[PDB]
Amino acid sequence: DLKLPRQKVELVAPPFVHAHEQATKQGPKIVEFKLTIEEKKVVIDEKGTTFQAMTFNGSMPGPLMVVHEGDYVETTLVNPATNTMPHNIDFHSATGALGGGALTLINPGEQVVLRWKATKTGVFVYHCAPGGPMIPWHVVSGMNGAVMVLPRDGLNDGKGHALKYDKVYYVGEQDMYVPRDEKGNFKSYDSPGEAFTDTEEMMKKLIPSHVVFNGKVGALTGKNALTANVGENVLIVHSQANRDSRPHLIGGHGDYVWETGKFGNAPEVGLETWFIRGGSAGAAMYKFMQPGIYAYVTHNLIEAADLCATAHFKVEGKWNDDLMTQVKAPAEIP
């Protein structure tokens, strides 16, 4: 009965984002996505600690889905028979049925197709929510991502000026709860089900063992650093499905920030650190002015440095001595 054009999207793994238009002259379409659930044991730190992850499309976070206001989003959710648990999906961008969760519960071996109309602009969390105590456990096991609903005219500054980004990255932050044994070493488990009792006991004490970006300590460093050039406007979408975060670009700023993540509200300007409320996504754009390495962190510095929550940007371009200069290098005190 809904006769609009259909468009398929090939999702890509974070921190990258599938190709999309900002401002568009397309009218509404039915945009088709597929997410395939994977339960899998993964390594989350450089010491080799393992974790029983549950994921959309094999990644933590799940991929970023991008559509425009008034599009219809049609998702095929697939739970292969190689998984052990039921799963579903709740989109914070959607209206009704617990965000879709009440219409998408699937056992191993099943799939389901949900459509929702994108009536609210901004970045939004999506996550699994099977019911009861399973809800937090599936989310902190990795089953969360985000969807960005853009205005058809693209982003603006709330003073009538367009804000166009040159590139967008999605940084999904994950609080993880890995129990320890008596000697103080992290425990390993053979299945998500086996990890459940010890993991839930730890979860209810509210202190994570690890806080990571893109699923692992150091994920967004080295070869996999984020990149930019001086003069480039970069949008950083940040989500946290369970716990607060306080993003900060060390050596930069948030030139335009939607910390509650919703484009019907004007961005704030010139921030040092912003705040992502647990259960939400937010977005910050910054035009790089200096080359070199930047760190992108949550500014609980214990979490950033000691628990895993640090990404790098490597930026190319020319140094600006007007903005900053070492007037005198380190020398002996007179």
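One-based numbering along the sequence shown.
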Take the C-alpha B-factors listed in the entry for 160 to 168 and for 258 to 266, compute each mean, and give the stretch with the larger one. 160 to 168
Quick check on the record: does 195 to 203 or 115 to 123 carry the larger mean Cα temperature factor? 195 to 203
Checking the entry, which one of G278, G282, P28, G62 has the top C-alpha B factor? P28
Checking the record values for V147, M134, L235, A97, which has the greatest CA B factor? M134
Please place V17 in the lowest, middle or highest third of its chain according to the CA B-factor in the PDB entry. lowest
Against its chain's modelled residues, does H299's Cα B factor rank lowest, middle or highest third? lowest
Report the third (lowest, middle or highest) to which the CA temperature factor of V212 belongs, ranking only the modelled residues of the same chain. lowest
Quick check on the deposited entry: does the C-alpha B-factor of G251 sit in the lowest, middle or highest third of its chain? middle
Where the record places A102 (Cα B-factor, split into thirds across the chain): middle
